[PDB]
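Visitor: Pasting entry-v2.cif here (mmCIF, C-alpha atoms and all ligand atoms):
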```cif
data_query
#
loop_
_atom_site.group_PDB
_atom_site.id
_atom_site.type_symbol
_atom_site.label_atom_id
_atom_site.label_comp_id
_atom_site.auth_asym_id
_atom_site.auth_seq_id
_atom_site.Cartn_x
_atom_site.Cartn_y
_atom_site.Cartn_z
ATOM 1 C CA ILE A 2 18.713 -2.871 12.289
ATOM 2 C CA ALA A 3 16.465 -0.248 10.750
ATOM 3 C CA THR A 4 12.654 -0.572 10.768
ATOM 4 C CA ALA A 5 10.387 0.361 7.964
ATOM 5 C CA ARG B 90 -19.066 -8.786 8.734
ATOM 6 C CA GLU B 91 -15.368 -9.562 8.293
ATOM 7 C CA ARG B 92 -13.404 -6.567 6.958
ATOM 8 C CA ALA B 93 -10.138 -8.320 6.154
ATOM 9 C CA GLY B 94 -10.042 -10.491 3.018
ATOM 10 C CA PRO B 95 -7.758 -13.465 2.387
ATOM 11 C CA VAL B 96 -4.634 -11.564 1.384
ATOM 12 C CA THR B 97 -5.075 -8.998 4.172
ATOM 13 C CA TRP B 98 -5.472 -11.894 6.612
ATOM 14 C CA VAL B 99 -2.638 -14.066 5.395
ATOM 15 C CA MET B 100 -0.109 -11.193 5.593
ATOM 16 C CA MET B 101 -1.141 -10.475 9.176
ATOM 17 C CA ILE B 102 -0.756 -14.150 10.080
ATOM 18 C CA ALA B 103 2.683 -14.197 8.379
ATOM 19 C CA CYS B 104 3.835 -11.154 10.362
ATOM 20 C CA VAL B 105 2.634 -12.668 13.645
ATOM 21 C CA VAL B 106 4.341 -16.003 12.974
ATOM 22 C CA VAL B 107 7.591 -14.273 12.051
ATOM 23 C CA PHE B 108 7.328 -12.015 15.106
ATOM 24 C CA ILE B 109 6.927 -15.055 17.388
ATOM 25 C CA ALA B 110 9.917 -16.786 15.750
ATOM 26 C CA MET B 111 11.961 -13.638 16.437
ATOM 27 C CA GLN B 112 11.052 -13.619 20.154
ATOM 28 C CA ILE B 113 11.886 -17.342 20.443
ATOM 29 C CA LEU B 114 15.071 -17.368 18.327
ATOM 30 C CA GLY B 115 16.119 -13.734 18.579
ATOM 31 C CA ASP B 116 15.972 -11.085 15.880
ATOM 32 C CA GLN B 117 19.339 -11.930 14.352
ATOM 33 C CA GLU B 118 18.757 -15.623 13.690
ATOM 34 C CA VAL B 119 15.570 -14.755 11.799
ATOM 35 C CA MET B 120 17.174 -11.861 9.861
ATOM 36 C CA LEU B 121 19.862 -14.240 8.538
ATOM 37 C CA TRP B 122 17.040 -16.228 6.915
ATOM 38 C CA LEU B 123 14.629 -13.519 5.835
ATOM 39 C CA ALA B 124 16.752 -10.431 5.157
ATOM 40 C CA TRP B 125 17.411 -8.865 1.755
ATOM 41 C CA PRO B 126 20.335 -10.732 0.206
ATOM 42 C CA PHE B 127 23.415 -9.563 2.107
ATOM 43 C CA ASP B 128 25.906 -11.492 -0.019
ATOM 44 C CA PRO B 129 26.110 -12.430 -3.722
ATOM 45 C CA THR B 130 25.707 -16.134 -2.800
ATOM 46 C CA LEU B 131 22.159 -15.321 -1.625
ATOM 47 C CA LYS B 132 21.045 -13.351 -4.655
ATOM 48 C CA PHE B 133 18.860 -16.185 -6.041
ATOM 49 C CA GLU B 134 17.026 -16.815 -2.755
ATOM 50 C CA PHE B 135 14.180 -14.876 -4.285
ATOM 51 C CA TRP B 136 11.980 -14.812 -1.188
ATOM 52 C CA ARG B 137 14.479 -12.400 0.457
ATOM 53 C CA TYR B 138 13.480 -9.591 -1.927
ATOM 54 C CA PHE B 139 10.106 -9.609 -0.097
ATOM 55 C CA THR B 140 10.432 -11.314 3.299
ATOM 56 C CA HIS B 141 12.227 -8.322 4.841
ATOM 57 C CA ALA B 142 8.723 -6.796 5.060
ATOM 58 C CA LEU B 143 7.609 -9.586 7.459
ATOM 59 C CA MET B 144 10.059 -8.825 10.287
ATOM 60 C CA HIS B 145 9.463 -6.408 13.106
ATOM 61 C CA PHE B 146 11.793 -5.417 15.923
ATOM 62 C CA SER B 147 9.404 -3.740 18.346
ATOM 63 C CA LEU B 148 5.904 -4.110 19.630
ATOM 64 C CA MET B 149 4.917 -0.584 18.612
ATOM 65 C CA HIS B 150 5.844 -0.796 14.949
ATOM 66 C CA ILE B 151 4.355 -4.276 14.326
ATOM 67 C CA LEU B 152 1.098 -2.998 15.845
ATOM 68 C CA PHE B 153 1.027 0.267 13.955
ATOM 69 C CA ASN B 154 2.114 -1.344 10.691
ATOM 70 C CA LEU B 155 -0.487 -4.064 10.960
ATOM 71 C CA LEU B 156 -3.249 -1.557 11.882
ATOM 72 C CA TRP B 157 -2.566 0.433 8.639
ATOM 73 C CA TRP B 158 -2.182 -2.771 6.640
ATOM 74 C CA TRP B 159 -5.483 -4.096 8.013
ATOM 75 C CA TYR B 160 -7.286 -0.848 7.213
ATOM 76 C CA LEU B 161 -5.804 0.146 3.832
ATOM 77 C CA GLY B 162 -4.933 -3.365 2.642
ATOM 78 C CA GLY B 163 -8.380 -4.400 3.717
ATOM 79 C CA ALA B 164 -9.996 -1.532 1.801
ATOM 80 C CA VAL B 165 -8.048 -2.278 -1.385
ATOM 81 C CA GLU B 166 -8.798 -6.002 -1.265
ATOM 82 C CA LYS B 167 -12.478 -5.400 -0.636
ATOM 83 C CA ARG B 168 -13.018 -2.799 -3.345
ATOM 84 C CA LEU B 169 -10.397 -3.662 -5.995
ATOM 85 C CA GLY B 170 -9.814 -7.375 -5.284
ATOM 86 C CA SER B 171 -7.131 -9.657 -3.837
ATOM 87 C CA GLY B 172 -4.984 -9.410 -7.001
ATOM 88 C CA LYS B 173 -4.554 -5.663 -6.812
ATOM 89 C CA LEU B 174 -3.417 -5.927 -3.173
ATOM 90 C CA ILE B 175 -0.934 -8.723 -4.021
ATOM 91 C CA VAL B 176 0.613 -6.615 -6.771
ATOM 92 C CA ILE B 177 0.881 -3.400 -4.707
ATOM 93 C CA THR B 178 2.402 -5.490 -1.921
ATOM 94 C CA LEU B 179 4.999 -7.351 -4.032
ATOM 95 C CA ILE B 180 6.046 -4.356 -6.054
ATOM 96 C CA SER B 181 6.315 -2.007 -3.081
ATOM 97 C CA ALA B 182 8.197 -4.586 -0.915
ATOM 98 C CA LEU B 183 10.681 -5.171 -3.751
ATOM 99 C CA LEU B 184 11.346 -1.552 -4.687
ATOM 100 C CA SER B 185 11.316 -0.180 -1.157
ATOM 101 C CA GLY B 186 13.830 -2.849 -0.149
ATOM 102 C CA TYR B 187 15.962 -2.033 -3.206
ATOM 103 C CA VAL B 188 16.109 1.655 -2.319
ATOM 104 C CA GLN B 189 16.770 1.015 1.348
ATOM 105 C CA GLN B 190 19.668 -1.442 0.829
ATOM 106 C CA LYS B 191 21.050 0.855 -1.841
ATOM 107 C CA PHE B 192 21.450 3.734 0.576
ATOM 108 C CA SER B 193 21.816 1.943 3.906
ATOM 109 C CA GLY B 194 22.630 -1.751 3.169
ATOM 110 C CA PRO B 195 20.616 -4.884 3.886
ATOM 111 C CA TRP B 196 19.989 -4.873 7.686
ATOM 112 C CA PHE B 197 16.392 -3.657 7.787
ATOM 113 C CA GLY B 198 12.837 -4.931 7.974
ATOM 114 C CA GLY B 199 9.218 -4.099 8.496
ATOM 115 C CA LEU B 200 5.901 -3.737 6.683
ATOM 116 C CA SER B 201 5.985 0.065 6.654
ATOM 117 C CA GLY B 202 7.266 0.402 3.066
ATOM 118 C CA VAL B 203 4.200 -1.486 1.971
ATOM 119 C CA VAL B 204 2.004 0.610 4.300
ATOM 120 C CA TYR B 205 3.305 3.837 2.796
ATOM 121 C CA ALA B 206 2.611 2.467 -0.670
ATOM 122 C CA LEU B 207 -0.962 1.765 0.458
ATOM 123 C CA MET B 208 -1.300 5.296 1.898
ATOM 124 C CA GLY B 209 -0.118 6.823 -1.356
ATOM 125 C CA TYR B 210 -2.141 4.429 -3.493
ATOM 126 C CA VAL B 211 -5.420 4.840 -1.618
ATOM 127 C CA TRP B 212 -5.035 8.624 -1.437
ATOM 128 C CA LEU B 213 -4.238 9.240 -5.100
ATOM 129 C CA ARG B 214 -6.570 6.602 -6.566
ATOM 130 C CA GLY B 215 -9.373 8.129 -4.440
ATOM 131 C CA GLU B 216 -8.440 11.607 -5.639
ATOM 132 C CA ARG B 217 -8.105 10.863 -9.314
ATOM 133 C CA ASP B 218 -10.653 8.120 -9.637
ATOM 134 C CA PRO B 219 -13.338 8.477 -6.968
ATOM 135 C CA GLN B 220 -15.639 5.995 -8.693
ATOM 136 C CA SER B 221 -13.098 3.339 -7.689
ATOM 137 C CA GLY B 222 -14.873 3.495 -4.288
ATOM 138 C CA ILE B 223 -11.618 4.024 -2.392
ATOM 139 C CA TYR B 224 -10.689 7.178 -0.513
ATOM 140 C CA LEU B 225 -8.120 8.220 2.137
ATOM 141 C CA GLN B 226 -9.974 10.003 4.966
ATOM 142 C CA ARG B 227 -8.628 13.423 6.003
ATOM 143 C CA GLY B 228 -7.863 12.161 9.502
ATOM 144 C CA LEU B 229 -5.734 9.362 8.085
ATOM 145 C CA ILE B 230 -3.887 11.803 5.795
ATOM 146 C CA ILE B 231 -2.992 13.790 8.932
ATOM 147 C CA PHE B 232 -2.030 10.604 10.857
ATOM 148 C CA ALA B 233 0.207 9.414 7.991
ATOM 149 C CA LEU B 234 1.903 12.794 7.540
ATOM 150 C CA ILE B 235 2.808 12.933 11.231
ATOM 151 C CA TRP B 236 4.069 9.331 11.200
ATOM 152 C CA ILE B 237 6.275 10.120 8.192
ATOM 153 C CA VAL B 238 7.533 13.251 9.863
ATOM 154 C CA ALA B 239 8.278 11.280 13.039
ATOM 155 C CA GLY B 240 10.246 8.756 10.965
ATOM 156 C CA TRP B 241 12.243 11.422 9.149
ATOM 157 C CA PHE B 242 13.172 13.231 12.376
ATOM 158 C CA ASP B 243 13.953 10.104 14.416
ATOM 159 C CA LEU B 244 11.185 10.718 16.990
ATOM 160 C CA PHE B 245 10.663 7.012 17.709
ATOM 161 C CA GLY B 246 13.040 5.010 19.919
ATOM 162 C CA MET B 247 14.668 3.438 16.936
ATOM 163 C CA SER B 248 16.661 3.625 13.773
ATOM 164 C CA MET B 249 14.305 4.211 10.819
ATOM 165 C CA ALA B 250 14.396 2.857 7.259
ATOM 166 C CA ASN B 251 13.398 6.207 5.723
ATOM 167 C CA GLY B 252 14.543 5.025 2.275
ATOM 168 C CA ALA B 253 12.089 2.128 2.336
ATOM 169 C CA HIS B 254 9.236 4.316 3.569
ATOM 170 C CA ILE B 255 9.551 7.162 1.120
ATOM 171 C CA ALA B 256 10.255 4.740 -1.754
ATOM 172 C CA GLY B 257 7.169 2.816 -0.675
ATOM 173 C CA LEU B 258 5.160 6.018 -0.850
ATOM 174 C CA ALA B 259 6.466 6.786 -4.379
ATOM 175 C CA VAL B 260 5.519 3.275 -5.569
ATOM 176 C CA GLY B 261 1.955 3.603 -4.290
ATOM 177 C CA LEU B 262 1.472 7.041 -5.876
ATOM 178 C CA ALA B 263 2.888 5.800 -9.202
ATOM 179 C CA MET B 264 0.650 2.733 -9.290
ATOM 180 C CA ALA B 265 -2.440 4.788 -8.433
ATOM 181 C CA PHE B 266 -1.588 7.267 -11.199
ATOM 182 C CA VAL B 267 -1.181 4.503 -13.745
ATOM 183 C CA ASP B 268 -4.394 2.823 -12.498
ATOM 184 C CA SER B 269 -6.460 5.987 -12.903
ATOM 185 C CA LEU B 270 -5.164 7.147 -16.303
ATOM 186 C CA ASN B 271 -8.346 5.747 -16.956
HETATM 187 CL CL CL A 301 9.887 -2.671 14.121
#
```
Could I get this structure in the form of structure tokens?
Guide:
Amino acid sequence: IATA
Amino acid sequence: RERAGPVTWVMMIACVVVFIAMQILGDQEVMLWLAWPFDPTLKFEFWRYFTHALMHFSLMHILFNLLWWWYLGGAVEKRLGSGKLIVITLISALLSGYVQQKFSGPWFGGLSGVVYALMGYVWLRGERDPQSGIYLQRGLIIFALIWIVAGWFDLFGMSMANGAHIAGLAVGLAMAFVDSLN
């Protein structure tokens, strides 16, 4: 999961 | 007295509630509900185009995102009104999430796309339209540039949604330009  | 208006406040509450749900239920159970639509059958669950911005996966990025939201969001709401903040927030969450999923697919979250929109918006509106009463301090310009750089070069622990961030920034700059045409 990528975080913004 | 209070710096944070209703919209600033309600977003912060939303992020805290979602964060707590994620610690209780685990990140993945909450993503399945709140993530950008990851299948055609979910494409009309319209909240998902926005609710990706409410999830955070680490203590550091929820804190930093909410600090910038509280400051910039707070400044926009105070000076330009709750409506303006709502529109920057919805538009930037939508378009940043579009760009991110487009390049990297739907497994992402965080308020940083919106934060980058606020950075861009506050900077350029202050530049082009100083009578607006908003302005991005030099120190915050420097802070934001380093944070962006850190994101781009993977200097945090974690995998970064650089699509969302940079798209966020473009949305904020665009909206500020349109808002200051005059
Ligand atoms: Cl995060």
Visitor: If you apply the PyMOL selection byres (((chain A and resi 3) around 9) and not hetatm) to this file, what residues do you get, as number ranges by chain?
Guide: A: 2, 4-5; B: 146, 193, 196-199, 247-251
Visitor: Quick one: residues within 10 Å of residue 111 in chain B, only C-alpha atoms, excluding same-chain residues fewer than 6 positions away - as a VMD selection string?
Guide: chain B and resid 105 117 to 120 144 to 146
Visitor: Given only C-alpha atoms and all ligand atoms as the basis, pick out the residue of B:229, B:211, B:114, B:151 nearest to ligand CL 301 (chain A).
Guide: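 Closest to ligand CL 301 (chain A), using only C-alpha atoms and all ligand atoms: B:151.
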Visitor: Could you tell me how far CA of residue 181 in chain B sits from CA of residue 143 in chain B, in Å to one decimal place?
Guide: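 Computing the Euclidean distance for CA of residue 143 in chain B and CA of residue 181 in chain B yields 13.0 Å.
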Visitor: At what distance in Å, to one decimal, does CA of residue 202 in chain B lie from CA of residue 190 in chain B?
Guide: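 Going from CA of residue 190 in chain B over to CA of residue 202 in chain B covers 12.7 Å.
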Visitor: Would you please take range 166-186 of chain B of the structure in the block above and write N, CA and C atoms to a file as an mmCIF file, in the first residue's frame?
Guide:
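Saved to part.cif:
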```
data_model
loop_
_atom_site.group_PDB
_atom_site.id
_atom_site.type_symbol
_atom_site.label_atom_id
_atom_site.label_comp_id
_atom_site.auth_asym_id
_atom_site.auth_seq_id
_atom_site.Cartn_x
_atom_site.Cartn_y
_atom_site.Cartn_z
ATOM 1 N N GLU B 166 -9.868 28.099 5.013
ATOM 2 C CA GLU B 166 -11.213 28.177 5.544
ATOM 3 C C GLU B 166 -11.428 29.540 6.201
ATOM 4 N N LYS B 167 -10.442 29.993 6.969
ATOM 5 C CA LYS B 167 -10.588 31.226 7.691
ATOM 6 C C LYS B 167 -10.726 32.404 6.739
ATOM 7 N N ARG B 168 -9.872 32.456 5.721
ATOM 8 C CA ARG B 168 -9.776 33.643 4.882
ATOM 9 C C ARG B 168 -10.721 33.588 3.678
ATOM 10 N N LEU B 169 -10.954 32.400 3.137
ATOM 11 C CA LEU B 169 -11.720 32.271 1.886
ATOM 12 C C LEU B 169 -13.043 31.530 2.087
ATOM 13 N N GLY B 170 -13.229 30.933 3.269
ATOM 14 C CA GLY B 170 -14.506 30.319 3.637
ATOM 15 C C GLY B 170 -14.544 28.786 3.495
ATOM 16 N N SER B 171 -15.494 28.168 4.182
ATOM 17 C CA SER B 171 -15.566 26.714 4.253
ATOM 18 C C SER B 171 -15.758 26.105 2.854
ATOM 19 N N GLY B 172 -16.547 26.779 2.029
ATOM 20 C CA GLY B 172 -16.849 26.308 0.665
ATOM 21 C C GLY B 172 -15.612 26.107 -0.188
ATOM 22 N N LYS B 173 -14.742 27.105 -0.194
ATOM 23 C CA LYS B 173 -13.516 27.025 -0.957
ATOM 24 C C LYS B 173 -12.674 25.801 -0.517
ATOM 25 N N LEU B 174 -12.585 25.566 0.789
ATOM 26 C CA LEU B 174 -11.814 24.432 1.275
ATOM 27 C C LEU B 174 -12.450 23.091 0.849
ATOM 28 N N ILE B 175 -13.771 23.004 0.938
ATOM 29 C CA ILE B 175 -14.501 21.812 0.491
ATOM 30 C C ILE B 175 -14.203 21.503 -0.971
ATOM 31 N N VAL B 176 -14.208 22.531 -1.816
ATOM 32 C CA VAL B 176 -14.012 22.318 -3.236
ATOM 33 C C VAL B 176 -12.555 21.930 -3.577
ATOM 34 N N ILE B 177 -11.580 22.605 -2.972
ATOM 35 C CA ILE B 177 -10.184 22.213 -3.155
ATOM 36 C C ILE B 177 -9.996 20.761 -2.707
ATOM 37 N N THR B 178 -10.625 20.401 -1.591
ATOM 38 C CA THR B 178 -10.462 19.088 -1.012
ATOM 39 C C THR B 178 -11.080 17.984 -1.896
ATOM 40 N N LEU B 179 -12.304 18.207 -2.379
ATOM 41 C CA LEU B 179 -12.987 17.197 -3.181
ATOM 42 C C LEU B 179 -12.311 17.038 -4.517
ATOM 43 N N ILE B 180 -11.952 18.158 -5.133
ATOM 44 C CA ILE B 180 -11.394 18.095 -6.469
ATOM 45 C C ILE B 180 -10.014 17.464 -6.418
ATOM 46 N N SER B 181 -9.207 17.867 -5.439
ATOM 47 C CA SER B 181 -7.843 17.335 -5.355
ATOM 48 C C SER B 181 -7.853 15.834 -4.961
ATOM 49 N N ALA B 182 -8.765 15.434 -4.065
ATOM 50 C CA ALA B 182 -8.837 14.013 -3.661
ATOM 51 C C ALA B 182 -9.231 13.142 -4.854
ATOM 52 N N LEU B 183 -10.173 13.638 -5.657
ATOM 53 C CA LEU B 183 -10.646 12.923 -6.838
ATOM 54 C C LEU B 183 -9.550 12.762 -7.866
ATOM 55 N N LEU B 184 -8.899 13.875 -8.237
ATOM 56 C CA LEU B 184 -7.984 13.879 -9.371
ATOM 57 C C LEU B 184 -6.625 13.276 -9.002
ATOM 58 N N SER B 185 -6.212 13.459 -7.758
ATOM 59 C CA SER B 185 -5.004 12.833 -7.282
ATOM 60 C C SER B 185 -5.162 11.325 -7.218
ATOM 61 N N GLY B 186 -6.326 10.864 -6.760
ATOM 62 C CA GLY B 186 -6.629 9.438 -6.747
ATOM 63 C C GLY B 186 -6.752 8.840 -8.146
#
```
